[PDB]
Amino acid sequence: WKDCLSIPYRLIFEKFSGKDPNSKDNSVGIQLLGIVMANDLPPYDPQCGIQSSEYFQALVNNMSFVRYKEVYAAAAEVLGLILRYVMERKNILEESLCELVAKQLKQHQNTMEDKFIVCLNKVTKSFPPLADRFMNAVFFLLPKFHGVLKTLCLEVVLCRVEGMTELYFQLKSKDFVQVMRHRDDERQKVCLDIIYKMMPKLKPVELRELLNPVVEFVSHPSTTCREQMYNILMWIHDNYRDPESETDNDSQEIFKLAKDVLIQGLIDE
């Protein structure tokens with residue numbers, strides 16, 4: 001349909017703010033505010049009937065209602081796209097706003113650890129920024145939680161990757177020796193999805209140490225996982241196909257492996 005018809009913030013308000021919930025219902029204003037994100041994000045930018053930072057403070061309180069699995073987490077989606085929106089609409093609040101978001105995560109990942117790692121994944125995944133202040137305290141929990149929270153803790157590190165902690169001196173044992181060797185297809189998927197972007201910052205030493213446990217995916221029933229093992233191997237190949245001569249012998253002998261295990265791709269299931 002034509003134009004945009006920007007909605008009065010009065011409507012939007014009550015639907016996330018009427019009753020501080022003991023209930024599912026208040027995720028209605030959360031859905032709604034998500035729709036003035038959804039349609040290429042028309043003007044939100046509150047003026048009429050209500051004032052900005054309080055409107056957001058009430059909005060961040062929605063992730064406090066931890067009795068119900070769909071209620072609390074949803075707020076951090078809507079709020080993560082506020083950052084995408086206020087970042088790229090560039091609105092002038094953004095400094096003290098970002099300190100309020102940092103303050104909100106810092107009050108409550110301190111006391112609600114899963115629910116606020118999930119929150120730092122709705123932030124970070126839905127728009128990247130906030131985790132920079134925290135990152136030590138995220139790597140912190142990746143060995144404490146298995147399963148879905150393995151994948152979401154990984155997915156925070158992933159979505160906000162900036163090479164934190166010179167990574168192998170955090171990680172050279174701590175995950176990639178054996179969490180890489182650990183079963184669940186989605187865990188393995190996000191895991192190779194980490195591998196596939198760490199490329200430019202690997203030295204040939206760890207590239208040798210890490211390619212070999214990736215070569216293991218030659219066994220794997222998921223073409224969806226195995227493709228990324230190939231995206232990887234293709235990157236290895238193209239970057240370590242032999243120039244004129246090398247000091248770093250692995251920078252053609254990881255290739256002397258890759259240039260074979262690509263052949264071991266050519267037959268596949």
# chains A, B, ... in the order shown; residues from 1 in each chain; ligands from 1
call {"tool": "residues_around", "arguments": {"residues": "residue A:60", "least_positions_apart": "6", "cutoff": "12 Å", "atoms": "only C-alpha atoms", "output": "ChimeraX atom specification"}}
result
/A:16-17,20,30,53-54,71-80,82,97,100-105,107-108,116,119,123
call {"tool": "atom_distance", "arguments": {"atom1": "atom CA of residue A:269", "atom2": "atom CA of residue A:238"}}
result
23.9 Å
call {"tool": "residues_around", "arguments": {"residues": "stretch 4-13 of chain A", "least_positions_apart": "3", "cutoff": "9 Å", "atoms": "only C-alpha atoms", "output": "list in words"}}
result
residues 1, 16, 17, 18, 29, 30, 32, 33, 36, 42, 43, 44, 46, 47, 48, 49, 50 and 55 of chain A
call {"tool": "write_last_selection", "arguments": {"atoms": "N, CA and C atoms", "output": "CSV table (one decimal), in the first residue's frame"}}
result
chain,number,residue,atom,x,y,z
A,1,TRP,N,0.8,-1.2,0.0
A,1,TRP,CA,0.0,0.0,0.0
A,1,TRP,C,0.9,1.3,0.0
A,16,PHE,N,2.4,-2.5,25.1
A,16,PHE,CA,3.5,-3.1,25.9
A,16,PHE,C,3.6,-2.5,27.3
A,17,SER,N,2.7,-1.7,27.7
A,17,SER,CA,2.9,-0.9,29.0
A,17,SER,C,1.7,-0.9,29.9
A,18,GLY,N,0.5,-1.4,29.6
A,18,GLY,CA,-0.7,-1.3,30.3
A,18,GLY,C,-0.6,-1.9,31.7
A,29,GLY,N,2.3,-5.3,22.2
A,29,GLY,CA,3.0,-4.1,21.8
A,29,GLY,C,4.4,-4.3,21.3
A,30,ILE,N,5.0,-5.4,21.7
A,30,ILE,CA,6.3,-6.0,21.2
A,30,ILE,C,6.2,-6.4,19.8
A,32,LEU,N,3.8,-5.4,17.7
A,32,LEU,CA,3.4,-4.2,17.0
A,32,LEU,C,4.5,-3.3,16.7
A,33,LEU,N,5.3,-2.9,17.7
A,33,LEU,CA,6.5,-2.1,17.5
A,33,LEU,C,7.5,-2.7,16.5
A,36,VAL,N,6.4,-1.6,12.8
A,36,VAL,CA,7.0,-0.4,12.4
A,36,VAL,C,8.5,-0.4,12.3
A,42,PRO,N,9.4,2.3,8.8
A,42,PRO,CA,8.9,3.7,8.7
A,42,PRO,C,9.2,4.5,10.0
A,43,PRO,N,9.1,5.8,9.9
A,43,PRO,CA,9.3,6.7,11.1
A,43,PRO,C,8.6,6.2,12.4
A,44,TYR,N,9.3,5.9,13.4
A,44,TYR,CA,8.9,5.6,14.8
A,44,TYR,C,9.1,6.8,15.7
A,46,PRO,N,9.5,8.8,18.6
A,46,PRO,CA,8.3,9.3,19.3
A,46,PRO,C,8.3,10.8,19.6
A,47,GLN,N,7.1,11.4,19.5
A,47,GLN,CA,6.7,12.8,19.7
A,47,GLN,C,5.3,13.0,20.3
A,48,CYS,N,4.3,12.6,19.7
A,48,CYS,CA,2.9,12.7,20.0
A,48,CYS,C,2.6,11.8,21.3
A,49,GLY,N,1.9,12.4,22.3
A,49,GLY,CA,1.4,11.8,23.5
A,49,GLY,C,2.4,11.3,24.5
A,50,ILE,N,3.6,10.9,24.1
A,50,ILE,CA,4.6,10.4,25.0
A,50,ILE,C,6.1,10.7,24.6
A,55,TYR,N,9.8,5.7,27.5
A,55,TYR,CA,9.1,4.8,26.6
A,55,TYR,C,10.0,3.6,26.4
call {"tool": "select_by_dssp", "arguments": {"residues": "stretch 37-260 of chain A", "states": "helix (DSSP H, G or I)", "output": "PyMOL selection string"}}
result
chain A and resi 37-38+52-64+72-88+94-108+113-125+129-133+136-139+147-159+168-171+185-201+204-219+223-240+250-260
call {"tool": "closest_residue", "arguments": {"among": "A:257, A:144, A:94, A:191", "to": "residue A:113", "atoms": "only C-alpha atoms"}}
result
A:144
call {"tool": "atom_distance", "arguments": {"atom1": "atom CA of residue A:244", "atom2": "atom CA of residue A:228"}}
result
29.0 Å
call {"tool": "residues_around", "arguments": {"residues": "residue A:131", "least_positions_apart": "3", "cutoff": "8 Å", "atoms": "only C-alpha atoms", "output": "JSON, numbers by chain"}}
result
{"A": [120, 123, 124, 128, 134, 135, 156, 160]}
call {"tool": "write_last_selection", "arguments": {"atoms": "N, CA, C and O atoms", "output": "PDB file, in the first residue's frame"}}
result
ATOM      1  N   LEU A 120      21.739 -10.569  25.129  1.00  0.00           N
ATOM      2  CA  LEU A 120      22.956 -10.196  24.426  1.00  0.00           C
ATOM      3  C   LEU A 120      23.119 -10.939  23.083  1.00  0.00           C
ATOM      4  O   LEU A 120      24.017 -10.568  22.343  1.00  0.00           O
ATOM      5  N   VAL A 123      20.195  -8.498  21.117  1.00  0.00           N
ATOM      6  CA  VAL A 123      21.292  -7.555  20.820  1.00  0.00           C
ATOM      7  C   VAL A 123      22.428  -8.366  20.206  1.00  0.00           C
ATOM      8  O   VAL A 123      22.413  -9.573  20.338  1.00  0.00           O
ATOM      9  N   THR A 124      23.408  -7.803  19.521  1.00  0.00           N
ATOM     10  CA  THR A 124      24.444  -8.588  18.822  1.00  0.00           C
ATOM     11  C   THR A 124      23.933  -9.312  17.568  1.00  0.00           C
ATOM     12  O   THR A 124      24.420  -9.006  16.483  1.00  0.00           O
ATOM     13  N   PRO A 128      24.731  -5.743  15.636  1.00  0.00           N
ATOM     14  CA  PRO A 128      25.952  -6.216  16.297  1.00  0.00           C
ATOM     15  C   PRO A 128      26.434  -5.521  17.582  1.00  0.00           C
ATOM     16  O   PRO A 128      26.875  -6.240  18.480  1.00  0.00           O
ATOM     17  N   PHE A 134      31.511  -6.367  27.178  1.00  0.00           N
ATOM     18  CA  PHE A 134      31.232  -7.567  27.958  1.00  0.00           C
ATOM     19  C   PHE A 134      32.181  -8.736  27.663  1.00  0.00           C
ATOM     20  O   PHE A 134      32.438  -9.509  28.579  1.00  0.00           O
ATOM     21  N   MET A 135      32.669  -8.880  26.424  1.00  0.00           N
ATOM     22  CA  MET A 135      33.096 -10.154  25.793  1.00  0.00           C
ATOM     23  C   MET A 135      33.796 -11.197  26.689  1.00  0.00           C
ATOM     24  O   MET A 135      33.447 -12.375  26.627  1.00  0.00           O
ATOM     25  N   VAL A 156      26.736 -15.133  19.956  1.00  0.00           N
ATOM     26  CA  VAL A 156      27.131 -13.793  20.418  1.00  0.00           C
ATOM     27  C   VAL A 156      28.573 -13.485  20.028  1.00  0.00           C
ATOM     28  O   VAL A 156      28.848 -12.420  19.478  1.00  0.00           O
ATOM     29  N   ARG A 160      29.268 -10.570  16.987  1.00  0.00           N
ATOM     30  CA  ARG A 160      30.077  -9.420  17.394  1.00  0.00           C
ATOM     31  C   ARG A 160      31.571  -9.737  17.452  1.00  0.00           C
ATOM     32  O   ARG A 160      32.284  -9.222  18.306  1.00  0.00           O
TER      33      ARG A 160
END
call {"tool": "closest_residue", "arguments": {"among": "A:19, A:138, A:167, A:126", "to": "residue A:110", "atoms": "only C-alpha atoms"}}
result
A:138
call {"tool": "closest_residue", "arguments": {"among": "A:184, A:14, A:166, A:253", "to": "residue A:147", "atoms": "only C-alpha atoms"}}
result
A:184
call {"tool": "residues_around", "arguments": {"residues": "residue A:151", "least_positions_apart": "4", "cutoff": "9 Å", "atoms": "only C-alpha atoms", "output": "PDB file with N, CA and C atoms, in the first residue's frame"}}
result
ATOM      1  N   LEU A 142      30.554 -19.996  27.925  1.00  0.00           N
ATOM      2  CA  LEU A 142      30.566 -20.988  26.836  1.00  0.00           C
ATOM      3  C   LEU A 142      30.986 -22.419  27.268  1.00  0.00           C
ATOM      4  N   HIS A 146      26.117 -26.251  27.836  1.00  0.00           N
ATOM      5  CA  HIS A 146      26.060 -27.056  26.601  1.00  0.00           C
ATOM      6  C   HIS A 146      24.840 -26.671  25.736  1.00  0.00           C
ATOM      7  N   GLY A 147      24.663 -27.361  24.606  1.00  0.00           N
ATOM      8  CA  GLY A 147      23.403 -27.384  23.857  1.00  0.00           C
ATOM      9  C   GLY A 147      23.030 -26.064  23.186  1.00  0.00           C
ATOM     10  N   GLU A 155      27.054 -17.818  19.097  1.00  0.00           N
ATOM     11  CA  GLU A 155      26.439 -16.860  18.196  1.00  0.00           C
ATOM     12  C   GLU A 155      26.571 -15.404  18.662  1.00  0.00           C
ATOM     13  N   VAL A 156      26.736 -15.133  19.956  1.00  0.00           N
ATOM     14  CA  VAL A 156      27.131 -13.793  20.418  1.00  0.00           C
ATOM     15  C   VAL A 156      28.573 -13.485  20.028  1.00  0.00           C
ATOM     16  N   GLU A 186      23.353 -28.285  14.408  1.00  0.00           N
ATOM     17  CA  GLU A 186      23.361 -26.825  14.580  1.00  0.00           C
ATOM     18  C   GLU A 186      24.616 -26.302  15.316  1.00  0.00           C
ATOM     19  N   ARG A 187      25.084 -26.994  16.367  1.00  0.00           N
ATOM     20  CA  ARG A 187      26.332 -26.652  17.063  1.00  0.00           C
ATOM     21  C   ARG A 187      27.521 -26.713  16.115  1.00  0.00           C
ATOM     22  N   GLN A 188      27.614 -27.805  15.366  1.00  0.00           N
ATOM     23  CA  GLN A 188      28.642 -28.001  14.356  1.00  0.00           C
ATOM     24  C   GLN A 188      28.526 -26.938  13.253  1.00  0.00           C
ATOM     25  N   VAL A 190      27.070 -23.671  13.417  1.00  0.00           N
ATOM     26  CA  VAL A 190      27.584 -22.367  13.862  1.00  0.00           C
ATOM     27  C   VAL A 190      29.086 -22.429  14.123  1.00  0.00           C
ATOM     28  N   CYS A 191      29.604 -23.575  14.574  1.00  0.00           N
ATOM     29  CA  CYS A 191      31.024 -23.800  14.795  1.00  0.00           C
ATOM     30  C   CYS A 191      31.862 -23.610  13.517  1.00  0.00           C
TER      31      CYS A 191
END
call {"tool": "closest_residue", "arguments": {"among": "A:56, A:196, A:255, A:68", "to": "residue A:225", "atoms": "only C-alpha atoms"}}
result
A:196
call {"tool": "residues_around", "arguments": {"residues": "residue A:67", "least_positions_apart": "3", "cutoff": "10 Å", "atoms": "only C-alpha atoms", "output": "VMD selection string"}}
result
chain A and resid 21 to 24 64 70 to 72
call {"tool": "write_last_selection", "arguments": {"atoms": "C-alpha atoms", "output": "mmCIF file, in the first residue's frame"}}
result
data_model
loop_
_atom_site.group_PDB
_atom_site.id
_atom_site.type_symbol
_atom_site.label_atom_id
_atom_site.label_comp_id
_atom_site.auth_asym_id
_atom_site.auth_seq_id
_atom_site.Cartn_x
_atom_site.Cartn_y
_atom_site.Cartn_z
ATOM 1 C CA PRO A 21 2.559 -8.704 32.940
ATOM 2 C CA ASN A 22 2.094 -11.881 34.929
ATOM 3 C CA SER A 23 0.963 -13.094 31.483
ATOM 4 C CA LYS A 24 1.691 -13.628 27.704
ATOM 5 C CA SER A 64 12.155 -8.895 33.219
ATOM 6 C CA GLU A 70 8.044 -16.232 24.704
ATOM 7 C CA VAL A 71 7.519 -13.074 26.902
ATOM 8 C CA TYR A 72 10.845 -11.731 28.230
#
call {"tool": "residues_around", "arguments": {"residues": "residue A:219", "least_positions_apart": "4", "cutoff": "12 Å", "atoms": "only C-alpha atoms", "output": "PDB file with N, CA and C atoms, in the first residue's frame"}}
result
ATOM      1  N   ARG A 181      34.662 -31.354  17.738  1.00  0.00           N
ATOM      2  CA  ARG A 181      34.376 -32.800  17.685  1.00  0.00           C
ATOM      3  C   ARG A 181      33.029 -33.186  18.322  1.00  0.00           C
ATOM      4  N   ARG A 183      28.787 -33.342  18.760  1.00  0.00           N
ATOM      5  CA  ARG A 183      27.817 -33.878  17.792  1.00  0.00           C
ATOM      6  C   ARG A 183      26.811 -32.952  17.101  1.00  0.00           C
ATOM      7  N   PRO A 213      41.232 -31.077  12.415  1.00  0.00           N
ATOM      8  CA  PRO A 213      39.919 -31.363  12.978  1.00  0.00           C
ATOM      9  C   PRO A 213      38.744 -30.877  12.115  1.00  0.00           C
ATOM     10  N   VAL A 214      38.942 -29.993  11.126  1.00  0.00           N
ATOM     11  CA  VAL A 214      37.905 -29.678  10.121  1.00  0.00           C
ATOM     12  C   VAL A 214      37.812 -30.758   9.047  1.00  0.00           C
ATOM     13  N   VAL A 215      38.941 -31.344   8.659  1.00  0.00           N
ATOM     14  CA  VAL A 215      38.979 -32.428   7.678  1.00  0.00           C
ATOM     15  C   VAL A 215      38.102 -33.594   8.114  1.00  0.00           C
ATOM     16  N   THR A 223      24.803 -32.350   4.573  1.00  0.00           N
ATOM     17  CA  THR A 223      25.290 -31.528   3.448  1.00  0.00           C
ATOM     18  C   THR A 223      25.282 -30.055   3.829  1.00  0.00           C
ATOM     19  N   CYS A 225      25.947 -28.903   6.853  1.00  0.00           N
ATOM     20  CA  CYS A 225      27.172 -28.672   7.620  1.00  0.00           C
ATOM     21  C   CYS A 225      28.429 -28.792   6.748  1.00  0.00           C
ATOM     22  N   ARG A 226      28.509 -29.891   6.002  1.00  0.00           N
ATOM     23  CA  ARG A 226      29.612 -30.272   5.113  1.00  0.00           C
ATOM     24  C   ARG A 226      29.902 -29.216   4.045  1.00  0.00           C
ATOM     25  N   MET A 229      32.372 -26.856   5.573  1.00  0.00           N
ATOM     26  CA  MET A 229      33.667 -27.519   5.468  1.00  0.00           C
ATOM     27  C   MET A 229      34.239 -27.312   4.070  1.00  0.00           C
ATOM     28  N   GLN A 264      38.734 -35.495  -2.639  1.00  0.00           N
ATOM     29  CA  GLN A 264      37.821 -36.289  -1.811  1.00  0.00           C
ATOM     30  C   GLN A 264      36.430 -35.664  -1.649  1.00  0.00           C
ATOM     31  N   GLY A 265      36.220 -34.450  -2.144  1.00  0.00           N
ATOM     32  CA  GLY A 265      34.896 -33.889  -2.325  1.00  0.00           C
ATOM     33  C   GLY A 265      34.211 -34.282  -3.620  1.00  0.00           C
ATOM     34  N   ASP A 268      31.250 -37.054  -3.911  1.00  0.00           N
ATOM     35  CA  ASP A 268      30.427 -37.201  -2.718  1.00  0.00           C
ATOM     36  C   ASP A 268      28.907 -37.452  -2.897  1.00  0.00           C
ATOM     37  N   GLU A 269      28.268 -37.833  -1.778  1.00  0.00           N
ATOM     38  CA  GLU A 269      26.900 -38.349  -1.537  1.00  0.00           C
ATOM     39  C   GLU A 269      25.742 -37.339  -1.737  1.00  0.00           C
TER      40      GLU A 269
END
call {"tool": "atom_distance", "arguments": {"atom1": "atom CA of residue A:140", "atom2": "atom CA of residue A:125"}}
result
18.9 Å
call {"tool": "decode", "arguments": {"residues": "stretch 182-227 of chain A", "atoms": "N, CA and C atoms", "output": "PDB file, in the first residue's frame"}}
result
ATOM      1  N   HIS A 182      32.186 -32.232  18.734  1.00  0.00           N
ATOM      2  CA  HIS A 182      30.935 -32.497  19.464  1.00  0.00           C
ATOM      3  C   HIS A 182      29.680 -32.365  18.583  1.00  0.00           C
ATOM      4  N   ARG A 183      28.787 -33.342  18.760  1.00  0.00           N
ATOM      5  CA  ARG A 183      27.817 -33.878  17.792  1.00  0.00           C
ATOM      6  C   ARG A 183      26.811 -32.952  17.101  1.00  0.00           C
ATOM      7  N   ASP A 184      26.061 -32.115  17.816  1.00  0.00           N
ATOM      8  CA  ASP A 184      24.751 -31.634  17.307  1.00  0.00           C
ATOM      9  C   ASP A 184      24.853 -30.774  16.043  1.00  0.00           C
ATOM     10  N   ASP A 185      24.063 -31.065  15.008  1.00  0.00           N
ATOM     11  CA  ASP A 185      24.278 -30.465  13.686  1.00  0.00           C
ATOM     12  C   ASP A 185      24.278 -28.932  13.700  1.00  0.00           C
ATOM     13  N   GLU A 186      23.353 -28.285  14.408  1.00  0.00           N
ATOM     14  CA  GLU A 186      23.361 -26.825  14.580  1.00  0.00           C
ATOM     15  C   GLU A 186      24.616 -26.302  15.316  1.00  0.00           C
ATOM     16  N   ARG A 187      25.084 -26.994  16.367  1.00  0.00           N
ATOM     17  CA  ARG A 187      26.332 -26.652  17.063  1.00  0.00           C
ATOM     18  C   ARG A 187      27.521 -26.713  16.115  1.00  0.00           C
ATOM     19  N   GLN A 188      27.614 -27.805  15.366  1.00  0.00           N
ATOM     20  CA  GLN A 188      28.642 -28.001  14.356  1.00  0.00           C
ATOM     21  C   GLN A 188      28.526 -26.938  13.253  1.00  0.00           C
ATOM     22  N   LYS A 189      27.303 -26.598  12.845  1.00  0.00           N
ATOM     23  CA  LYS A 189      27.022 -25.577  11.837  1.00  0.00           C
ATOM     24  C   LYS A 189      27.531 -24.210  12.280  1.00  0.00           C
ATOM     25  N   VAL A 190      27.070 -23.671  13.417  1.00  0.00           N
ATOM     26  CA  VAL A 190      27.584 -22.367  13.862  1.00  0.00           C
ATOM     27  C   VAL A 190      29.086 -22.429  14.123  1.00  0.00           C
ATOM     28  N   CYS A 191      29.604 -23.575  14.574  1.00  0.00           N
ATOM     29  CA  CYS A 191      31.024 -23.800  14.795  1.00  0.00           C
ATOM     30  C   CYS A 191      31.862 -23.610  13.517  1.00  0.00           C
ATOM     31  N   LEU A 192      31.547 -24.325  12.431  1.00  0.00           N
ATOM     32  CA  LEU A 192      32.185 -24.057  11.142  1.00  0.00           C
ATOM     33  C   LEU A 192      31.905 -22.638  10.651  1.00  0.00           C
ATOM     34  N   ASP A 193      30.731 -22.095  10.960  1.00  0.00           N
ATOM     35  CA  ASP A 193      30.463 -20.717  10.613  1.00  0.00           C
ATOM     36  C   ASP A 193      31.422 -19.751  11.347  1.00  0.00           C
ATOM     37  N   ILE A 194      31.933 -20.079  12.546  1.00  0.00           N
ATOM     38  CA  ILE A 194      33.011 -19.301  13.184  1.00  0.00           C
ATOM     39  C   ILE A 194      34.287 -19.422  12.360  1.00  0.00           C
ATOM     40  N   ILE A 195      34.712 -20.669  12.104  1.00  0.00           N
ATOM     41  CA  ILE A 195      35.916 -21.001  11.332  1.00  0.00           C
ATOM     42  C   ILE A 195      35.995 -20.130  10.083  1.00  0.00           C
ATOM     43  N   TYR A 196      34.906 -20.119   9.315  1.00  0.00           N
ATOM     44  CA  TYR A 196      34.909 -19.584   7.971  1.00  0.00           C
ATOM     45  C   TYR A 196      35.202 -18.073   7.882  1.00  0.00           C
ATOM     46  N   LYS A 197      35.104 -17.307   8.986  1.00  0.00           N
ATOM     47  CA  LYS A 197      35.475 -15.878   9.002  1.00  0.00           C
ATOM     48  C   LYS A 197      36.749 -15.563   9.765  1.00  0.00           C
ATOM     49  N   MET A 198      37.229 -16.436  10.645  1.00  0.00           N
ATOM     50  CA  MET A 198      38.509 -16.219  11.349  1.00  0.00           C
ATOM     51  C   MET A 198      39.732 -16.276  10.414  1.00  0.00           C
ATOM     52  N   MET A 199      39.536 -16.688   9.151  1.00  0.00           N
ATOM     53  CA  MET A 199      40.564 -16.866   8.112  1.00  0.00           C
ATOM     54  C   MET A 199      41.720 -15.869   8.189  1.00  0.00           C
ATOM     55  N   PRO A 200      41.480 -14.556   8.033  1.00  0.00           N
ATOM     56  CA  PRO A 200      42.566 -13.639   7.730  1.00  0.00           C
ATOM     57  C   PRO A 200      43.533 -13.485   8.898  1.00  0.00           C
ATOM     58  N   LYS A 201      43.089 -13.804  10.114  1.00  0.00           N
ATOM     59  CA  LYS A 201      43.876 -13.637  11.335  1.00  0.00           C
ATOM     60  C   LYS A 201      44.560 -14.933  11.784  1.00  0.00           C
ATOM     61  N   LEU A 202      44.421 -16.031  11.046  1.00  0.00           N
ATOM     62  CA  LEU A 202      45.143 -17.275  11.344  1.00  0.00           C
ATOM     63  C   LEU A 202      46.579 -17.220  10.794  1.00  0.00           C
ATOM     64  N   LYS A 203      47.576 -17.561  11.609  1.00  0.00           N
ATOM     65  CA  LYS A 203      48.930 -17.949  11.182  1.00  0.00           C
ATOM     66  C   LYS A 203      48.929 -19.408  10.727  1.00  0.00           C
ATOM     67  N   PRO A 204      49.843 -19.825   9.828  1.00  0.00           N
ATOM     68  CA  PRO A 204      49.880 -21.190   9.303  1.00  0.00           C
ATOM     69  C   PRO A 204      50.032 -22.264  10.378  1.00  0.00           C
ATOM     70  N   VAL A 205      50.583 -21.910  11.543  1.00  0.00           N
ATOM     71  CA  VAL A 205      50.682 -22.816  12.682  1.00  0.00           C
ATOM     72  C   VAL A 205      49.292 -23.258  13.112  1.00  0.00           C
ATOM     73  N   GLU A 206      48.448 -22.351  13.605  1.00  0.00           N
ATOM     74  CA  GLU A 206      47.100 -22.765  13.971  1.00  0.00           C
ATOM     75  C   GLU A 206      46.283 -23.205  12.774  1.00  0.00           C
ATOM     76  N   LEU A 207      46.549 -22.684  11.584  1.00  0.00           N
ATOM     77  CA  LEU A 207      45.858 -23.135  10.396  1.00  0.00           C
ATOM     78  C   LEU A 207      46.109 -24.635  10.181  1.00  0.00           C
ATOM     79  N   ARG A 208      47.334 -25.113  10.423  1.00  0.00           N
ATOM     80  CA  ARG A 208      47.633 -26.544  10.457  1.00  0.00           C
ATOM     81  C   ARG A 208      46.925 -27.202  11.615  1.00  0.00           C
ATOM     82  N   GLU A 209      47.002 -26.635  12.813  1.00  0.00           N
ATOM     83  CA  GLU A 209      46.362 -27.248  13.981  1.00  0.00           C
ATOM     84  C   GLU A 209      44.847 -27.405  13.826  1.00  0.00           C
ATOM     85  N   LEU A 210      44.190 -26.471  13.136  1.00  0.00           N
ATOM     86  CA  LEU A 210      42.745 -26.398  13.049  1.00  0.00           C
ATOM     87  C   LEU A 210      42.197 -27.021  11.779  1.00  0.00           C
ATOM     88  N   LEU A 211      42.903 -26.983  10.654  1.00  0.00           N
ATOM     89  CA  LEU A 211      42.367 -27.615   9.458  1.00  0.00           C
ATOM     90  C   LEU A 211      42.120 -29.101   9.689  1.00  0.00           C
ATOM     91  N   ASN A 212      43.030 -29.772  10.372  1.00  0.00           N
ATOM     92  CA  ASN A 212      42.930 -31.209  10.553  1.00  0.00           C
ATOM     93  C   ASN A 212      41.633 -31.652  11.274  1.00  0.00           C
ATOM     94  N   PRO A 213      41.232 -31.077  12.415  1.00  0.00           N
ATOM     95  CA  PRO A 213      39.919 -31.363  12.978  1.00  0.00           C
ATOM     96  C   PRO A 213      38.744 -30.877  12.115  1.00  0.00           C
ATOM     97  N   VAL A 214      38.942 -29.993  11.126  1.00  0.00           N
ATOM     98  CA  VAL A 214      37.905 -29.678  10.121  1.00  0.00           C
ATOM     99  C   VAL A 214      37.812 -30.758   9.047  1.00  0.00           C
ATOM    100  N   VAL A 215      38.941 -31.344   8.659  1.00  0.00           N
ATOM    101  CA  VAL A 215      38.979 -32.428   7.678  1.00  0.00           C
ATOM    102  C   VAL A 215      38.102 -33.594   8.114  1.00  0.00           C
ATOM    103  N   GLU A 216      37.923 -33.767   9.417  1.00  0.00           N
ATOM    104  CA  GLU A 216      36.978 -34.709  10.009  1.00  0.00           C
ATOM    105  C   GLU A 216      35.534 -34.654   9.466  1.00  0.00           C
ATOM    106  N   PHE A 217      35.059 -33.505   8.984  1.00  0.00           N
ATOM    107  CA  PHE A 217      33.685 -33.390   8.486  1.00  0.00           C
ATOM    108  C   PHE A 217      33.422 -34.166   7.190  1.00  0.00           C
ATOM    109  N   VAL A 218      34.454 -34.805   6.628  1.00  0.00           N
ATOM    110  CA  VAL A 218      34.376 -35.755   5.508  1.00  0.00           C
ATOM    111  C   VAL A 218      33.392 -36.894   5.787  1.00  0.00           C
ATOM    112  N   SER A 219      33.198 -37.211   7.065  1.00  0.00           N
ATOM    113  CA  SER A 219      32.249 -38.201   7.574  1.00  0.00           C
ATOM    114  C   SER A 219      30.781 -37.748   7.610  1.00  0.00           C
ATOM    115  N   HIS A 220      30.484 -36.448   7.545  1.00  0.00           N
ATOM    116  CA  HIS A 220      29.261 -35.919   8.156  1.00  0.00           C
ATOM    117  C   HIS A 220      27.970 -36.045   7.310  1.00  0.00           C
ATOM    118  N   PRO A 221      26.835 -36.566   7.844  1.00  0.00           N
ATOM    119  CA  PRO A 221      25.595 -36.741   7.074  1.00  0.00           C
ATOM    120  C   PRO A 221      24.899 -35.444   6.631  1.00  0.00           C
ATOM    121  N   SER A 222      25.172 -34.306   7.269  1.00  0.00           N
ATOM    122  CA  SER A 222      24.572 -33.025   6.895  1.00  0.00           C
ATOM    123  C   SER A 222      25.362 -32.363   5.783  1.00  0.00           C
ATOM    124  N   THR A 223      24.803 -32.350   4.573  1.00  0.00           N
ATOM    125  CA  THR A 223      25.290 -31.528   3.448  1.00  0.00           C
ATOM    126  C   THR A 223      25.282 -30.055   3.829  1.00  0.00           C
ATOM    127  N   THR A 224      24.300 -29.634   4.633  1.00  0.00           N
ATOM    128  CA  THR A 224      24.227 -28.279   5.168  1.00  0.00           C
ATOM    129  C   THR A 224      25.427 -27.958   6.066  1.00  0.00           C
ATOM    130  N   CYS A 225      25.947 -28.903   6.853  1.00  0.00           N
ATOM    131  CA  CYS A 225      27.172 -28.672   7.620  1.00  0.00           C
ATOM    132  C   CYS A 225      28.429 -28.792   6.748  1.00  0.00           C
ATOM    133  N   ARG A 226      28.509 -29.891   6.002  1.00  0.00           N
ATOM    134  CA  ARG A 226      29.612 -30.272   5.113  1.00  0.00           C
ATOM    135  C   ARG A 226      29.902 -29.216   4.045  1.00  0.00           C
ATOM    136  N   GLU A 227      28.891 -28.516   3.534  1.00  0.00           N
ATOM    137  CA  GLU A 227      29.114 -27.450   2.556  1.00  0.00           C
ATOM    138  C   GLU A 227      30.082 -26.424   3.117  1.00  0.00           C
TER     139      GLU A 227
END
